[PDB]
Structures are given as structure tokens and as C-alpha cells.
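Colleague: Pasting a structure below so you can have a look.
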Amino acid sequence: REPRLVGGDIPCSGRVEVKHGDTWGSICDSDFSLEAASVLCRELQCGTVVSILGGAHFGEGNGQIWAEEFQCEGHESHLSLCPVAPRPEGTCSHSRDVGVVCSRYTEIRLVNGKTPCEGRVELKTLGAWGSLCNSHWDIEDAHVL
Amino acid sequence: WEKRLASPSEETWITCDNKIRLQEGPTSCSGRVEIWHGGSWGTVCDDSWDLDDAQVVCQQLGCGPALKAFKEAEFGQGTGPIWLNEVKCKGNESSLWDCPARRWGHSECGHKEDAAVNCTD
Amino acid sequence: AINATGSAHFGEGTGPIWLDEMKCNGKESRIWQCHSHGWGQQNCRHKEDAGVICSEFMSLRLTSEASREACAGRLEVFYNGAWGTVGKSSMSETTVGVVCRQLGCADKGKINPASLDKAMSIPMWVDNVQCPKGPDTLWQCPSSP
Ligand SMILES: *[C@@H]1O[C@H](CO)[C@@H](O)[C@H](O)[C@H]1NC(C)=O
Ligand SMILES: [Ca+2]
Ligand SMILES: [Ca+2]
Ligand SMILES: [Ca+2]
Ligand SMILES: [Ca+2]
Ligand SMILES: [Ca+2]
């Protein structure tokens, strides 16, 4: 049960899609809960769940819709380990696709450095890339980057 | 940051939307009870849902008095996380936040048991 | 059938939920002859499990003024959704012992005369109860209709 976020402008948000072995498909607003979104952000390493948005917030999928309902308890590391309750078809349409916004929205990269480890710090906000400022740039931040 | 005297025209005045709303109803005073908390829109479970609960919701929304309090998702299924379960409103509280219930916690309820109300227009 | 209980009146069940949305006219012979969505096709949870209370259901108790259930009082039989008393004729030591063992009080007992107060003066249900050796419940003892 492999998750994926598609359609979002910022790094850790978009439509929720789960692969059942070899096929990608969307999920309903009703089937997805807060516990499942907690696992999805954790599995994808996107932090913690900030919002759950329904009604095709990031667009409508084009494909198959999974009818099963996840029953995560919130502490699982992957969606594969989550117990799943099967449901019949016909529950939703594609205008009721679910979306998730997780917390790690920051976009940072290192440029103009030959070694990928060293370079100039750059940050993306409001759709553009820019350079940071020297003030309040200590070694604690550089350790985390 | 800079401190300056400003005309009242430049100041920002903001009105925010209501926390509680009713959805999927032909009448503006009828529909599914949804509440907003913690970044998500959520619903209420029909366990211990009665007319005393519906009175508080119809009063908070600013509609007329409540007359029916549906259950088992008559008006449609909801979205997002279920926020409240086993609501025990006494009928006179000013908001659903005053009444005691399971608050912002894990509810065994499903999305087919969403509570609904119908208020006078 | 006297009652049709729902919402886990008799407890939560363990296992698959085989049937849902059952529609019957009441003249059918078997439960699977009813119109249902399908074998295992459901959107339900285990806290909503169906139960019945049938006409030929009996319970036993000893009612006193102090407590509804006690080790001394009036003998009452609950049949057809109604309570009622038992006749004193043809009572034996084997019959009195069966009541005391069935309720969980003791191994033997004795029949005292009528008390000072009687509650609701419920009608008499059964009489001439004769208990053989071997039964541990009153339902297996021959009696009058
Ligand atoms: C069964 O139905 C009777 C008759 O309406 C009612 O008095 C009784 O409370 C019901 N019992 C249960 C357990 O639902
Ligand atoms: Ca710093
Ligand atoms: Ca319910
Ligand atoms: Ca209530
Ligand atoms: Ca039926
Ligand atoms: Ca059903």
C-alpha cells in the first residue's frame, strides 16, 4: 500500500493516491480519516498533518477509486501495516477526491557548489527562488540543512 | 516593521467565517452539522443525538428553533475527521463547545452515522 | 418475535459482517431467502449488530419487597414477554432445590408461607411443576400447560 501526493504547488501537499500492488488510485473523503493522514505524512516523511481537504481541492483524478477504508490507529509507520476494512463500490465520484497538507512545506537547495554538499543556500517562496540573508545564520541551522 | 501614524482607511478590518455550518440541505436552516477545528472541517456522530442538541445548533447558527434531529446521515455523508461524539447538550448552551462530549478525539463512529438537524427558516 | 434489538444490545460481536440491509416480508423460511445486498457486502461496524428476543424465552427470579432479585421471595416466570407466578401445588424438595441451584443461591431450599405484601399481584403462569433428578434448570421439568 504505497502512498503518493500529486498536484500540489508546495513540496508536501496534494491529492492522495495509493498503489494496490501495481495500480494507482484515489481515495474518498469519507474513507480517509485523521489517523490515516498521520501515517501518510509520516511514511512520506512530510512531517505532521496540518489539514485534510476534500471535494477535489487539488484537482480530480483520472482512474480507479479504491473503496476500502483504512483503520489505522495512528502509530503505524507505513500504510501497509494498517488494518483495512473492505467496502463495496459506487461510494463516490471523482469530484470527492481527498487531499492532505503536511507540515514540512519548506523548499531549500544548494547551488553554485561543485560538491553537492557545499554551496549557496537558496529558498523558494511565493513561486520564486531567492537567496537567504546572513543575519541569524548560525551553525545550528547549517547542521540541520 | 516601522511605526507610523496611519489613516483609518489603511487599517485592516477582518470578519471570519462561522465555525459551525449546515451542508447539503435544500433549506438554509437544514442540513448536515459540520464544525471546524484544528485546520480541518469535521462532522458529529449520531450517538446520543437528540432534539436538545439540535436546539443548541439551531440557536448557534442563528436559525429558528429546531423541530427534527435526524441521524444515520439522512442529508448525505460527510468529509474529514469526526470531531464530536456523544454530545450531551442540555438545550440552553450558547455553543456546541460548551456542551460536554468527547472532544477532538478518536471516535469509533463512521461517516454513515453523521448527525443532521432541521431548523425553522 | 417480540423485540428486534440493535446497536449491540447483547454485546459486540467478533468476525465478518456477512449480511446487511435485510428486507423480508416475514413469511419466509430461512434468513438467506431474504433480499440482501450480498454475502459480505456491507458498510457496517461491529457496534451495530442485530439481535432478537423471541416469544418462547423464559427467565426466572425471586422477588422480595427489599430487592427485585434475592435468595428469598416470590417465584416468578417470565414467558411471552410477561412475568407471572408459579403454583404451589405438587412442590417437592427436588423442585425447590432446582430453583435455588439455577439462580445461584444454594443447593437446597424451603417454601415459606406467603409474605405480608405482594407486588402488582401478577397473574399465575404455570402450575403442577414436577422436577426429576438430573436437570439443573426449571425449563426441563415436566408441568401442566
Ligand atoms: C421489548 O419491547 C417491549 C414492548 O414494546 C418493551 O417494553 C421492552 O422494553 C423492549 N425490550 C428491549 C430490550 O428492547
Ligand atoms: Ca539561526
Ligand atoms: Ca450511531
Ligand atoms: Ca444528547
Ligand atoms: Ca427489514
Ligand atoms: Ca448498509
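Taken together, the values in this text are just the output of simple stated rules run on the coordinates, not laboratory data. Cβ atoms come from the backbone with ideal geometry, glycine included; neighbour counts cover every protein chain shown.
Colleague: Can you say whether C:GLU69 is under 16 Å from the mean Cα position of the chain (by Cα) and either in a loop (DSSP other than H, G, I, E, B) or closer than 30 Å to A:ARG87 by Cβ (or both), as far as the supplied structure shows? Break it down into steps so the answer makes sense when it comes.
Modeller: Numbers: under 16 Å from the mean Cα position of the chain (by Cα): yes; either in a loop (DSSP other than H, G, I, E, B) or closer than 30 Å to A:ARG87 by Cβ (or both): yes.
Here the answer is yes, as C:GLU69 does meet what is asked.
Colleague: Please specify each residue of the stretch C:34-49 satisfying the condition of being within 28 Å of the chain's Cα centre (by Cα) and more than 16 Å from ligand 3 (Cβ to nearest atom).
Modeller: Scanning the stretch C:34-49 gives a single hit, C:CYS34.
Colleague: How many residues are without any contact (Cβ under 8 Å) to a residue 12 or more places away in the chain and among the aromatic types (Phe, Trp, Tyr) when one looks only at the stretch B:1-58?
Modeller: Of the residues in that region, 2 qualify.
One line per residue, one yes/no per condition, for (1) more than 30 Å from A:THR91 (Cα to Cα); (2) more than 16 Å from ligand 5 (Cβ to nearest atom):
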site: C:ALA8; (1), (2): no, yes
site: C:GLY26; (1), (2): yes, no
site: C:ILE31; (1), (2): no, no
site: C:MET58; (1), (2): yes, yes
site: C:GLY73; (1), (2): yes, yes
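So that you can scan it fast, the table gives a plain yes or no per residue for (1) more than 15 Å from the chain's Cα centre (by Cα); (2) of a type in the set (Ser, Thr, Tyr); (3) surrounded by 15 or more Cβ atoms within 10 Å (Cβ to Cβ):
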| site | (1), (2), (3) |
| --- | --- |
| B:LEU61 | no, no, yes |
| B:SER94 | no, yes, no |
| B:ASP98 | no, no, no |
| B:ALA101 | no, no, yes |
| B:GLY105 | yes, no, no |
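Colleague: Quick one: C:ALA8 ticks every box in (1) in contact (Cβ under 8 Å) with a residue 60 or more places away in the chain; (2) within 16 Å of ligand 3 (Cβ to nearest atom) bar one, so which box is it?
Modeller: Result: C:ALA8 fails condition (1) only.
Colleague: Of all strands (runs of 3 or more DSSP E) completely enclosed by the stretch A:26-145, which ones contain at least 2 residues that are within 14 Å of chain B (Cβ to nearest Cβ)?
Modeller: The strands (runs of 3 or more DSSP E) meeting that bar are A:49-53, A:99-102.
Colleague: Please verify whether C:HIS46 is within 14 Å of ligand 5 (Cβ to nearest atom), within 30 Å of A:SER30 (Cα to Cα) and within 14 Å of chain A (Cβ to nearest Cβ), treating the condition exactly as stated.
Modeller: So C:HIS46 does not fit the description; no.
Colleague: Now for a separate question. Quick one: which residue in A:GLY47, A:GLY90, A:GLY61 is over 14 Å from the mean Cα position of the chain (by Cα) and either on the phi > 0 side of the Ramachandran plot or in contact (Cβ under 8 Å) with a residue 60 or more places away in the chain (or both)?
Modeller: Among A:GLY47, A:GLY90, A:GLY61, only A:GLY90 is over 14 Å from the mean Cα position of the chain (by Cα) and either on the phi > 0 side of the Ramachandran plot or in contact (Cβ under 8 Å) with a residue 60 or more places away in the chain (or both).
Colleague: May I pose another question? Identify the single condition in (1) in a loop (DSSP other than H, G, I, E, B); (2) within 29 Å of A:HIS57 (Cα to Cα) that B:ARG32 does not satisfy, given that it satisfies every other one.
Modeller: B:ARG32 satisfies every listed condition except (1).
Colleague: Pick from A:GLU107, A:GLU69, A:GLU122: which is within 27 Å of C:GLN42 (Cα to Cα) and touching a strand residue (DSSP E or B) at 6+ places or on another chain (Cβ under 9 Å)?
Modeller: A:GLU69
Colleague: Taking the stretch A:125-145, which residues are within 30 Å of A:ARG15 (Cβ to Cβ) and either out of contact with any strand residue (DSSP E or B) (no Cβ under 9 Å at 6 or more places or on another chain) or within 16 Å of ligand 3 (Cβ to nearest atom) (or both)?
Modeller: If the condition is that a residue be within 30 Å of A:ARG15 (Cβ to Cβ) and either out of contact with any strand residue (DSSP E or B) (no Cβ under 9 Å at 6 or more places or on another chain) or within 16 Å of ligand 3 (Cβ to nearest atom) (or both), then A:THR125, A:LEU126, A:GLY127, A:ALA128, A:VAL144 are the ones that fit.
Colleague: Taking the condition within 14 Å of chain A (Cβ to nearest Cβ) and within 16 Å of ligand 6 (Cβ to nearest atom), does B:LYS112 pass?
Modeller: yes
Colleague: Where residues in the stretch B:52-87 are within 13 Å of another protein chain (Cβ to nearest Cβ) and over 18 Å from B:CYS99 (Cβ atoms), which of them is nearest to ligand 4 (Cβ to nearest atom)?
Modeller: Among those residues, the one meeting the criterion is B:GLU72.
Colleague: Looking at (1) within 14 Å of chain A (Cβ to nearest Cβ); (2) more than 14 Å from ligand 5 (Cβ to nearest atom); (3) at positive phi, which is the one condition that is false for C:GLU21?
Modeller: Going through (1) within 14 Å of chain A (Cβ to nearest Cβ); (2) more than 14 Å from ligand 5 (Cβ to nearest atom); (3) at positive phi one by one, C:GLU21 breaks only (2).
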